[PDB]
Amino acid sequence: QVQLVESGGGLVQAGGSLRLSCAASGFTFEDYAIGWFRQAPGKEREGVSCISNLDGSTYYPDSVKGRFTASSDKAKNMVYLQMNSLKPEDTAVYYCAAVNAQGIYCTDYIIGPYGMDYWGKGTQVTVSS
């Protein structure tokens, strides 16, 4: 069984930085793409990043592009989300998710309607002003 454990959540001041970690286990790391998603109260869940361990492709929507960077560590089976210049709009529960990377590359469609195969339980990120 796949396990995805998020950590690094917490309260941060606007303009500050936060690094999220997704500890992955129970799958061949190289065969999967890892997506970061967020859901805030009174908002639909949305994709914020995609990284494929299979082809190296990445995707970020314009809302976070240039501020958020996803990276993959094959040595530790971890995926990080480095969040810089944090805004109040970034407050949400953040989830990491996994999807079979065979036959795909990271796009808005993958972290949009396509659907994920496995989900983590999520970590709270609160941006304070």
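The first residue of the shown sequence is 1; numbering continues from there.
- When the two stretches 10-18 and 110-118 are set side by side, the higher mean Cα temperature factor goes to 10-18.
- When the mean C-alpha temperature factors of 85-93 and 99-107 are read from the deposited coordinates, 85-93 comes out higher.
- Among the modelled residues of its chain, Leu54 has a C-alpha B-factor that falls in the lowest third according to the deposited record.
- Sorting the modelled residues of the chain by their CA temperature factor places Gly35 in the lowest third.
- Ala75: CA B factor in the highest third of modelled residues in this chain (values from the PDB entry).
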